[PDB]
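Source file: start.cif; contents: mmCIF, C-alpha atoms.
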```
data_query
#
loop_
_atom_site.label_atom_id
_atom_site.label_comp_id
_atom_site.auth_asym_id
_atom_site.auth_seq_id
_atom_site.Cartn_x
_atom_site.Cartn_y
_atom_site.Cartn_z
CA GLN K 1 0.00 0.00 0.00
CA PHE K 2 2.25 2.79 1.30
CA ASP K 3 4.30 1.20 4.09
CA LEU K 4 1.92 3.03 6.43
CA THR K 5 -0.07 1.00 8.96
CA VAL K 6 -2.06 2.95 11.55
CA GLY K 7 -4.62 1.48 13.90
CA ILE K 8 -7.17 3.59 15.71
CA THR K 9 -8.15 2.03 19.05
CA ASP K 10 -10.69 3.10 21.68
CA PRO K 11 -11.68 6.68 22.52
CA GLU K 12 -10.22 7.85 25.84
CA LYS K 13 -11.45 10.95 27.67
CA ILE K 14 -9.05 13.90 27.53
CA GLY K 15 -10.69 16.86 29.23
CA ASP K 16 -12.07 16.78 32.76
CA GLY K 17 -13.95 19.17 35.03
CA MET K 18 -16.90 20.25 32.90
CA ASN K 19 -16.70 19.50 29.17
CA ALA K 20 -14.23 16.73 28.37
CA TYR K 21 -13.42 15.55 24.84
CA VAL K 22 -12.03 12.32 23.44
CA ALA K 23 -8.80 11.96 21.53
CA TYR K 24 -7.75 9.63 18.72
CA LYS K 25 -4.89 7.14 19.08
CA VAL K 26 -3.50 7.06 15.55
CA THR K 27 -0.42 4.83 15.72
CA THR K 28 0.83 5.34 12.17
CA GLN K 29 4.11 3.74 11.10
CA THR K 30 6.10 4.46 7.97
CA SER K 31 9.80 3.62 7.85
CA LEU K 32 9.87 5.04 4.31
CA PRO K 33 12.06 8.12 3.65
CA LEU K 34 9.05 10.45 3.67
CA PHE K 35 8.17 11.39 7.25
CA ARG K 36 7.25 10.13 10.73
CA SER K 37 10.46 8.12 11.13
CA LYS K 38 10.46 5.41 13.80
CA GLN K 39 6.64 5.59 13.65
CA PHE K 40 4.54 6.67 16.64
CA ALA K 41 1.10 7.66 17.90
CA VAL K 42 -0.64 11.04 17.71
CA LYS K 43 -3.52 12.38 19.81
CA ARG K 44 -6.24 14.55 18.26
CA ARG K 45 -9.98 15.22 18.61
CA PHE K 46 -12.68 13.96 16.24
CA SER K 47 -13.77 17.49 15.35
CA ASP K 48 -10.38 17.82 13.67
CA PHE K 49 -10.20 14.41 11.99
CA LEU K 50 -13.72 15.00 10.70
CA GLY K 51 -12.27 17.64 8.39
CA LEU K 52 -11.01 14.74 6.29
CA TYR K 53 -14.02 12.48 6.43
CA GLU K 54 -16.13 15.53 5.60
CA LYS K 55 -13.84 17.08 2.97
CA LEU K 56 -13.30 13.66 1.38
CA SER K 57 -16.88 13.76 0.10
CA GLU K 58 -16.63 17.49 -0.65
CA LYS K 59 -14.45 16.49 -3.61
CA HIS K 60 -17.71 15.84 -5.47
CA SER K 61 -21.39 14.91 -5.20
CA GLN K 62 -21.69 11.87 -7.48
CA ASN K 63 -18.58 11.08 -9.52
CA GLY K 64 -15.10 10.98 -8.04
CA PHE K 65 -15.43 8.65 -5.06
CA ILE K 66 -18.74 9.59 -3.45
CA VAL K 67 -18.10 7.43 -0.39
CA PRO K 68 -16.51 9.11 2.68
CA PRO K 69 -16.26 5.73 4.51
CA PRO K 70 -13.50 3.15 3.70
CA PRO K 71 -12.20 2.73 0.11
CA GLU K 72 -15.40 0.83 -0.67
CA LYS K 73 -18.73 -0.17 0.88
CA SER K 74 -17.68 -1.97 4.06
CA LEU K 75 -21.09 -2.03 5.75
CA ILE K 76 -20.03 0.60 8.29
CA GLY K 77 -19.89 3.15 5.48
CA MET K 78 -23.29 3.25 3.79
CA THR K 79 -26.08 0.76 4.51
CA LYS K 80 -28.79 2.03 6.86
CA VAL K 81 -27.35 5.05 8.67
CA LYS K 82 -30.56 7.04 8.15
CA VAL K 83 -29.44 9.80 10.52
CA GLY K 84 -26.84 12.40 9.61
CA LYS K 85 -24.77 13.99 12.36
CA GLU K 86 -23.52 12.19 15.47
CA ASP K 87 -26.01 10.47 17.77
CA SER K 88 -24.31 7.64 19.66
CA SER K 89 -26.50 4.81 20.97
CA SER K 90 -24.10 3.35 23.53
CA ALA K 91 -20.63 3.78 25.03
CA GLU K 92 -19.15 1.00 22.89
CA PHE K 93 -20.68 2.71 19.85
CA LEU K 94 -18.09 5.47 20.22
CA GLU K 95 -15.42 2.85 19.49
CA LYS K 96 -17.20 1.57 16.37
CA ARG K 97 -16.65 4.94 14.70
CA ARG K 98 -12.96 4.86 15.63
CA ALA K 99 -12.30 1.58 13.84
CA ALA K 100 -13.87 2.77 10.58
CA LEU K 101 -11.90 6.00 10.93
CA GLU K 102 -8.71 4.03 10.34
CA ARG K 103 -10.28 2.15 7.44
CA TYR K 104 -11.01 5.41 5.63
CA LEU K 105 -7.70 6.84 6.89
CA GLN K 106 -5.75 3.98 5.33
CA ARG K 107 -7.04 4.89 1.87
CA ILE K 108 -6.03 8.55 2.11
CA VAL K 109 -2.72 7.68 3.74
CA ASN K 110 -2.43 4.87 1.18
CA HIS K 111 -2.54 7.05 -1.95
CA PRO K 112 -0.73 10.44 -1.94
CA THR K 113 -3.03 11.62 -4.73
CA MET K 114 -6.21 10.54 -2.94
CA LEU K 115 -5.72 12.94 -0.02
CA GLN K 116 -5.09 15.82 -2.44
CA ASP K 117 -5.67 18.49 0.21
CA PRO K 118 -2.31 19.60 1.73
CA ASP K 119 -3.95 19.22 5.14
CA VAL K 120 -5.17 15.68 4.55
CA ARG K 121 -1.69 14.66 3.48
CA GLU K 122 -0.57 15.96 6.87
CA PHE K 123 -3.76 15.11 8.78
CA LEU K 124 -2.79 11.49 9.47
CA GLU K 125 -0.08 12.95 11.71
CA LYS K 126 -1.95 16.09 12.81
CA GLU K 127 -1.30 16.52 16.53
CA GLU K 128 -2.87 19.78 17.73
#
```
Go ahead and express the file in the form of structure tokens.
Amino acid sequence: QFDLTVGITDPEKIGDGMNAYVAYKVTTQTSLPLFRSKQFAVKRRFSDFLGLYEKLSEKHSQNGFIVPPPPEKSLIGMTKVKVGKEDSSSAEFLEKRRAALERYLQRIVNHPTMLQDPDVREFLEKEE
């Protein structure tokens, strides 16, 4: 793919006291002579990562990959979402979104042309 293998796992609480937010454990690893070096893990909020998942579709409306989710229809993507924005049904549900986040992330990180946006190319490592 691109010698880059990141795995998003569980959503831990960052803030505390009134309004706490969850981070994203993106342990990307690419020994290639591009960036990262020695691989590692970065912590960022969903509101930030969303910029990709959201922008990804912004590229078009019908033609040109009209599926924000993983490279292709992997159930989680499009099937019976019905709703639009976030809703969350249970605590574990929050983790379900994390997993898919890596699936879609792999595609963008996979192809340098896919990301396109200078931010997306550097979003996989976006800290804060």
- Message: With the PyMOL selection byres ((chain K and resi 42) around 7) as the selection, what would be picked from this file? Answer as a PyMOL selection string, please.
- Response: chain K and resi 25-27+40-41+43-44+125+127
Specify as a list in words each residue included when the PyMOL selection byres ((chain K and resi 74-84) around 10) is applied to this file.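 In the shown coordinates, the PyMOL selection byres ((chain K and resi 74-84) around 10) covers residues 67, 68, 69, 70, 71, 72, 73, 85, 86, 87, 96, 97, 99, 100, 103 and 104 of chain K.
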Practice prompt. Calculate how many Å separate CA of residue 45 (chain K) from CA of residue 23 (chain K), rounding to one decimal.
Written response: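 Separating CA of residue 45 (chain K) from CA of residue 23 (chain K) is a distance of 4.5 Å.
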Polymer residues at most 7 Å from residue 39 (chain K), only C-alpha atoms, same-chain spacing of 6 or more positions, as a ChimeraX atom specification: /K:28-31
Top pick for closest residue to residue 32 (chain K), considering K:102, K:3, K:95, K:48 and counting all atoms listed in the file
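With all atoms listed in the file as the atom set, the closest residue is K:3.
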task = Kindly indicate which residue among K:92, K:58, K:122, K:10 lies nearest to residue 109 (chain K), using all atoms listed in the file for the distances.
result =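 Nearest to residue 109 (chain K): K:122.
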*List the residues selected by the PyMOL selection byres ((chain K and resi 56) around 9) in the file shown, writing them as a ChimeraX atom specification.*
/K:51-55,57-60,65-68,108,114-115,120
| field | Between CA of residue 128 (chain K) and CA of residue 90 (chain K), distance in Å (one decimal) | value |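 Separation of CA of residue 128 (chain K) and CA of residue 90 (chain K): 27.5 Å.
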Point to revise | Selected residue of minimal separation from residue 110 (chain K) among K:24, K:88, K:124, K:93, counting only C-alpha atoms | key: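 Counting only C-alpha atoms, the residue closest to residue 110 (chain K) is K:124.
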Scan for residues within 8 Å of the point (-17.2, 16.6, 19.3) in the coordinates of the file, using all atoms listed in the file, and reply as a ChimeraX atom specification.
/K:21-22,45-47
Practice task
Tell me, in Å to one decimal, how far CA of residue 6 (chain K) is from CA of residue 62 (chain K).
Solution key: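 Atom-to-atom, CA of residue 6 (chain K) to CA of residue 62 (chain K), that is 28.8 Å.
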